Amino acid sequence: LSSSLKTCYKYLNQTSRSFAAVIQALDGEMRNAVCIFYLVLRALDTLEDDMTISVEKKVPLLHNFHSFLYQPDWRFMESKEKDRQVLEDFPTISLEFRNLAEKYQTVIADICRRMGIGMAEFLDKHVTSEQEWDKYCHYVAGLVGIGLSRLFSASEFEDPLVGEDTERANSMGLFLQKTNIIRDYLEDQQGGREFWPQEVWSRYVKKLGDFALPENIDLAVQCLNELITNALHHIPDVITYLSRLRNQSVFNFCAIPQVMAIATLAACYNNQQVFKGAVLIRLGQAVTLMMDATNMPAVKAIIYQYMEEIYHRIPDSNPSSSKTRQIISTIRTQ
């Protein structure tokens, strides 16, 4: 087989410590299509995150990235990010992208283009409102869920409905993105970047960096809970999306990340550790550990289990305690 495709899977394993295995487990055509999708996305993300690239220089690269997929010799050699290897050897990745069936190239290129537009659009401004937060998450993750969904339908491995329902697919992305943003608060603060919606933290402190100051630990945990509360609103759509899947390999690929995300929100809920160091995922409830995330009823059980971990811990004092219980209740009676 192609040695360039082997190089691609090497990059996938280098850049995805967690999902390389389940991506490689996808049946037939989706395997390479998703591996390449992941890689071009990692290249785009590396370009977005690289702070040694001024905004004026970066915008045209984000805007035209989707077209670089068709420039056999294009590569980027000035990146200082950890995964700069995918940009420097981008010709190897784009070569394999161009070997994918055209119907997949069309989907992936379309996604990359729109993602570029949104990313550029967000280089000179922080996230203000929650509506803006959803817009940003849509661009960096929602679109990925939409892209992947359109590939599942185009491959016929899933029902045509999966790719058409862009809202449910967008939700899969928004749930994971918000979860990572919430969990990575401290890391992003030392990195010099702010993603938490300004309209939300500006009501607890005046500098998002303030949640790093112990004298505001309580105020932080309250804002933390408000965002987690905001994230939980996507679960109904996550369940609906997962319930339409019928291909086992695709189901594992989609379900596992969502379960991990919910497990993360659970561990972070009302946890002061989010503002000190890493939050190690609390592990196992007798029943959750009895099943895995490979069949829909089990995934539901696991999700509901984690729901309870949050509910049974909602403090009365918490300013969001009522909104938290409400959404968890709405999810339970779905």
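Sequential numbering from 1, following the sequence displayed.
Modelled in this chain, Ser67 is likewise built in all the other compared entries whose models extend past it on both sides, so a third of them omitting it does not occur. In all of the other compared structures of this protein with flanking residues present, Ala278 is modelled, so it falls below the one-third mark for missing coordinates. For the pair 27 to 35 and 304 to 312, the mean B factor over Cα atoms is greater in 304 to 312.
Looking at 13 to 21 and 315 to 323 together, the entry lists the larger mean B-factor for 315 to 323, computed on C-alpha atoms.
Highest CA B-factor among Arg244, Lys178, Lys103, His126, as stated in the entry: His126. Of the candidates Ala212, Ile235, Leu148, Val250, it is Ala212 whose Cα B-factor is highest according to the PDB record. The deposited CA B-factor of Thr46 belongs to the middle third of values across its chain. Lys135: CA B factor in the middle third of modelled residues in this chain (values from the PDB entry).
Annotation for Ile53: C-alpha temperature factor in the middle third relative to the rest of the modelled chain, per the entry.
Sort the modelled residues of the chain by CA B factor and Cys254 lands in the lowest third.
In the PDB entry, a CA B factor belonging to the highest third of its chain's modelled residues is recorded for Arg203.
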